[PDB]
4 protein chains.
Amino acid sequence: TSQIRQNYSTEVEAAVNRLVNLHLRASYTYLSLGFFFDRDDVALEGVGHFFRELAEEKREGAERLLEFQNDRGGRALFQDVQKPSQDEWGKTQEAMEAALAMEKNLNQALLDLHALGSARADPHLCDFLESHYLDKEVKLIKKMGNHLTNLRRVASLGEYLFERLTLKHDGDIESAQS
Amino acid sequence: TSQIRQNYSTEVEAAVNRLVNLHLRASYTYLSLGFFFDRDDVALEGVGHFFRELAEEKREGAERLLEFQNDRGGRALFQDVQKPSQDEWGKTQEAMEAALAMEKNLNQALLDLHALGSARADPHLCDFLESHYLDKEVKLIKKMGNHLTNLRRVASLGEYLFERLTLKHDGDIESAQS
Amino acid sequence: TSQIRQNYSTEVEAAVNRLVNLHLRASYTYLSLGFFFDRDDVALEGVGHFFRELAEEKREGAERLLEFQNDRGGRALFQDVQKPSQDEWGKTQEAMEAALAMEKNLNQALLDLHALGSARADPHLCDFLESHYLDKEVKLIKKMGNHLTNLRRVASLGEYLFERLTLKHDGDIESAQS
Amino acid sequence: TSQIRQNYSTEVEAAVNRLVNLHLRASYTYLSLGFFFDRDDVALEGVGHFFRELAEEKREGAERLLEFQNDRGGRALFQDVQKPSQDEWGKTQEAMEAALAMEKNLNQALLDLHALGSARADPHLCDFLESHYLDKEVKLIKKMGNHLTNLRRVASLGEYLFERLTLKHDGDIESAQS
Ligand SMILES: [Fe+3]
Ligand SMILES: [Fe+3]
Ligand SMILES: [Fe+3]
């Protein structure tokens with residue numbers, strides 16, 4: 001009924017609303033992780049900052065899907081952001097596997113959205129995804145896999161050394177380009 | 001027969017030629033609108049400048065489709081640019097609805113071209129469209145819908161106030177980034 | 001059991017966890033509002049940006065309470081961020097009253113936390129609140145009351161004029177000091 | 001009997017004098033620690049510099065309490081700064097636990113002073129503490145807890161690696177902002 005709504009199926013409009021809730025829940029989990037590794041009894045502040053500046057990006061990916069919902073004339077329907085899966089994540093390895101299994105699951109939702117959009121012949125949606133989400137997500141998953149193998153390589157002196165030499169070293173340059 | 005022609009169906013080559021004529025006719029209509037709101041008896045110079053810098057962009061979108069026709073090895077076939085629909089557009093609201101119904105119709109042609117190109121498996125054409133036309137067009141339609149609802153909100157002191165506070169305010173920053 | 005936990009009652013640690021969920025839910029509501037006033041059929045982009053840069057600040061107030069939970073040695077317990085109350089907010093006036101009734105309710109929670117903290121003789125908590133939350137909140141409520149009376153004064157040409165002359169005028173200077 | 005003495009109970013004036021002696025004794029202990037880790041047979045110069053620039057801050061906290069004693073019209077009564085508890089501190093871990101148990105004990109004295117000051121309705125004293133001592137102390141204790149868990153994580157190659165990668169890395173930036 002919107003005046004600007006054109007070639008925007010309701011199945012896509014609803015599949016997008018379930019994708020913003022996924023991004024928000026994924027930003028909530030990363031927020032929980034980033035505030036778990038700054039606890040006094042873990043103190044892996046490099047990992048904490050990594051997950052923190054990851055929640056920033058996930059939430060930004062959520063509001064970029066909402067402004068796309070408005071540009072196409074859809075109606076944003078919010079749902080309850082379900083709480084993270086765990087409150088204790090454990091060693092950084094068992095946490096980065098719970099953060100990679102959440103990306104590979106969030107990336108699967110993006111691929112299903114792109115499959116749905118190509119099924120209803122929505123070129124603008126497929127372009128928007130291809131441009132803003134898919135490549136970022138495969139690069140993030142690649143980075144997490146690198147972190148995971150480096151963590152299995154130093155497997156807890158090795159975990160401290162990893163947080164100091166890899167994660168902190170990149171957190172320093174984030175604060176430089178920021 | 002062109003030496004560089006590769007994977008460029010004649011159905012796409014002809015559908016593109018009908019799309020440059022559409023862009024040219026749409027730039028002609030915007031040219032008529034931009035010189036209607038600078039008439040002495042309308043004097044909505046903000047609306048005039050808006051439609052003027054819109055005709056610039058539509059024409060640029062036409063010559064970007066022609067240089068794509070050359071890159072792919074097609075032959076540009078020009079047709080008579082049919083004159084605009086009206087010579088009197090009336091109040092700015094009834095003109096911005098005749099300018100939005102022309103975008104949503106020009107955007108439909110782009111989507112049909114992208115559907116045809118995906119039917120003949122022309123990835124370069126779909127990428128070219130997705131990159132240069134589709135997103136620009138949905139953003140322009142969104143902007144026009146915003147203008148339309150703001151015009152219905154002030155519905156003629158309100159029309160003058162709108163031209164002064166929205167359109168002129170953005171024309172000033174166009175002349176800044178220009 | 002934490003090594004750094006000192007003079008940090010569990011009643012405060014739990015009352016803080018219910019305050020971060022309040023801040024997150026309040027940032028979720030403001031996110032819903034900021035993406036409701038950029039809808040094509042409302043197009044009060046000034047109000048949209050106001051609520052958007054308000055959700056930023058509410059969420060920042062949430063992660064500043066979480067890092068305080070870590071500094072004092074508490075354990076952050078996340079809960080389901082309940083979805084906003086409405087999906088349609090209506091005119092900007094009826095939305096700014098639902099955004100002020102949410103501040104005066106979020107400010108009441110801060111005052112109850114400060115009363116609890118003073119009951120258990122926690123000076124650091126009362127100082128943290130007094131410094132970072134209370135004054136910001138009374139200033140924000142004052143600003144919202146100003147907006148509300150200015151909206152009742154122009155009571156829909158007046159609503160457009162308000163969004164153009166008050167909210168947009170301050171959004172321009174936000175983007176300047178930002 | 002002082003002309004400027006107003007709302008400054010003698011119980012607070014005496015409790016402050018016992019707090020400057022505590023700060024001085026704590027700066028004496030940190031001075032002993034900072035000159036123990038530069039011994040030729042320990043040579044953890046990063047830890048040495050950490051405790052050294054910690055004694056600076058503790059002593060500064062002592063003379064900031066003395067100038068507050070003068071501003072309120074009290075009389076500074078000095079006592080014998082009792083010598084540090086140990087002359088051999090051992091491994092850096094067993095020293096950072098003797099330096100954290102001294103902070104959590106110095107922070108307890110500040111909280112007792114703030115409880116006494118609130119008992120005699122001395123708002124200026126509670127504000128002075130809340131502003132200058134309490135938050136600094138909880139942040140320092142948090143930092144020490146981080147150091148302690150990182151030291152237990154690398155638990156003596158790990159101790160050298162810690163001193164090199166954490167403590168020296170921050171000593172370099174101290175000498176930059178200094
Ligand atoms: Fe593409
Ligand atoms: Fe107080
Ligand atoms: Fe205070």
# chains A, B, ... in the order shown; residues from 1 in each chain; ligands from 1
call {"tool": "residues_near_ligand", "arguments": {"ligand": "ligand 1", "cutoff": "6 Å", "atoms": "only C-alpha atoms and all ligand atoms", "output": "compact mmCIF listing (two decimals) with C-alpha atoms, in the first residue's frame"}}
result
# COMPACT_ATOMS: atom_id res chain seq x y z
CA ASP A 127 22.88 -6.31 -5.14
CA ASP B 127 26.42 -6.14 -12.64
CA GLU B 130 23.07 -3.34 -10.10
call {"tool": "residues_near_ligand", "arguments": {"ligand": "ligand 3", "cutoff": "9 Å", "atoms": "only C-alpha atoms and all ligand atoms", "output": "list in words"}}
result
residues 123, 124, 126, 127, 128, 129, 130 and 131 of chain C; 123, 124, 126, 127, 128, 129, 130 and 131 of chain D
call {"tool": "residues_around", "arguments": {"residues": "residue 56 of chain B", "least_positions_apart": "2", "cutoff": "12 Å", "atoms": "only C-alpha atoms", "output": "list in words"}}
result
residues 23, 24, 26, 27, 28, 29, 30, 31, 34, 49, 50, 51, 52, 53, 54, 58, 59, 60, 61, 62 and 63 of chain B
call {"tool": "interface_residues", "arguments": {"of": "chain B", "to": "chain C", "cutoff": "7 Å", "atoms": "only C-alpha atoms", "output": "PyMOL selection string"}}
result
chain B and resi 142+145-146+149-150+153-154+158+165
call {"tool": "write_last_selection", "arguments": {"atoms": "N, CA and C atoms", "output": "compact mmCIF listing (two decimals), in the first residue's frame"}}
result
# COMPACT_ATOMS: atom_id res chain seq x y z
N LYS B 142 12.82 6.94 -3.04
CA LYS B 142 12.63 7.18 -1.61
C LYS B 142 12.63 8.67 -1.31
N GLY B 145 9.38 10.16 -2.43
CA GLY B 145 8.29 9.82 -1.54
C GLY B 145 8.32 10.66 -0.29
N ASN B 146 9.53 10.90 0.22
CA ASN B 146 9.67 11.82 1.34
C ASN B 146 9.15 13.20 0.99
N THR B 149 5.22 13.10 0.87
CA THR B 149 4.52 13.12 2.15
C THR B 149 4.72 14.43 2.87
N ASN B 150 5.90 15.03 2.75
CA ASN B 150 6.09 16.35 3.35
C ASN B 150 5.21 17.39 2.68
N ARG B 153 1.79 16.95 3.95
CA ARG B 153 1.72 17.36 5.34
C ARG B 153 1.46 18.85 5.48
N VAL B 154 1.96 19.65 4.55
CA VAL B 154 1.86 21.10 4.66
C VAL B 154 0.74 21.61 3.76
N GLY B 158 2.01 26.55 2.89
CA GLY B 158 2.80 25.37 3.19
C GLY B 158 3.72 24.98 2.05
N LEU B 165 12.35 25.47 2.98
CA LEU B 165 13.04 24.86 4.11
C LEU B 165 13.63 23.50 3.75
call {"tool": "residues_around", "arguments": {"residues": "segment 8-15 of chain A", "least_positions_apart": "3", "cutoff": "8 Å", "atoms": "only C-alpha atoms", "output": "list in words"}}
result
residues 5, 18, 19, 69, 72, 73, 74, 75, 113, 116, 117, 120 and 122 of chain A
call {"tool": "closest_residue", "arguments": {"among": "C:102, C:95, C:148, C:115", "to": "ligand 2", "atoms": "only C-alpha atoms and all ligand atoms"}}
result
C:115
call {"tool": "atom_distance", "arguments": {"atom1": "atom CA of residue 82 of chain C", "atom2": "atom CA of residue 80 of chain A"}}
result
4.7 Å
call {"tool": "atom_distance", "arguments": {"atom1": "atom CA of residue 175 of chain D", "atom2": "atom CA of residue 84 of chain D"}}
result
27.3 Å
call {"tool": "atom_distance", "arguments": {"atom1": "atom CA of residue 32 of chain D", "atom2": "atom CA of residue 66 of chain D"}}
result
23.0 Å
call {"tool": "closest_residue", "arguments": {"among": "C:119, C:20, C:143, C:48", "to": "ligand 2", "atoms": "only C-alpha atoms and all ligand atoms"}}
result
C:119
call {"tool": "select_by_dssp", "arguments": {"residues": "chain B", "states": "helix (DSSP H, G or I)", "output": "MDAnalysis selection string"}}
result
chainID B and resid 10:34 45:71 92:119 123:153 157:177
call {"tool": "decode", "arguments": {"residues": "segment 86-99 of chain B", "atoms": "N, CA and C atoms", "output": "short mmCIF file (atom, residue, chain, number, x, y, z; two decimals), in the first residue's frame"}}
result
data_model
loop_
_atom_site.label_atom_id
_atom_site.label_comp_id
_atom_site.auth_asym_id
_atom_site.auth_seq_id
_atom_site.Cartn_x
_atom_site.Cartn_y
_atom_site.Cartn_z
N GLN B 86 3.03 16.86 -20.23
CA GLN B 86 2.30 18.08 -19.96
C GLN B 86 3.18 19.30 -20.20
N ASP B 87 2.54 20.44 -20.40
CA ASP B 87 3.24 21.72 -20.38
C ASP B 87 2.91 22.53 -19.14
N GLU B 88 1.78 22.24 -18.50
CA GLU B 88 1.44 22.83 -17.22
C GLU B 88 1.42 21.70 -16.21
N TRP B 89 2.16 21.86 -15.12
CA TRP B 89 2.24 20.78 -14.15
C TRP B 89 1.42 21.09 -12.91
N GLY B 90 1.14 22.35 -12.66
CA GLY B 90 0.30 22.74 -11.56
C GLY B 90 1.09 22.94 -10.28
N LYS B 91 0.42 22.65 -9.16
CA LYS B 91 1.07 22.76 -7.87
C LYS B 91 2.23 21.77 -7.77
N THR B 92 3.18 22.08 -6.89
CA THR B 92 4.37 21.26 -6.78
C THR B 92 4.03 19.82 -6.41
N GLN B 93 2.93 19.61 -5.68
CA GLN B 93 2.55 18.25 -5.33
C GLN B 93 2.15 17.46 -6.55
N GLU B 94 1.24 18.01 -7.36
CA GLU B 94 0.80 17.32 -8.57
C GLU B 94 1.92 17.16 -9.58
N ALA B 95 3.02 17.89 -9.42
CA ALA B 95 4.18 17.71 -10.28
C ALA B 95 5.12 16.65 -9.75
N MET B 96 5.33 16.59 -8.44
CA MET B 96 6.18 15.57 -7.87
C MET B 96 5.55 14.19 -7.90
N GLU B 97 4.23 14.09 -8.05
CA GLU B 97 3.60 12.81 -8.31
C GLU B 97 3.72 12.39 -9.77
N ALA B 98 3.77 13.34 -10.69
CA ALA B 98 4.05 13.03 -12.08
C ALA B 98 5.52 12.80 -12.33
N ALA B 99 6.38 13.17 -11.38
CA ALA B 99 7.80 12.89 -11.46
C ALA B 99 8.17 11.61 -10.74
#
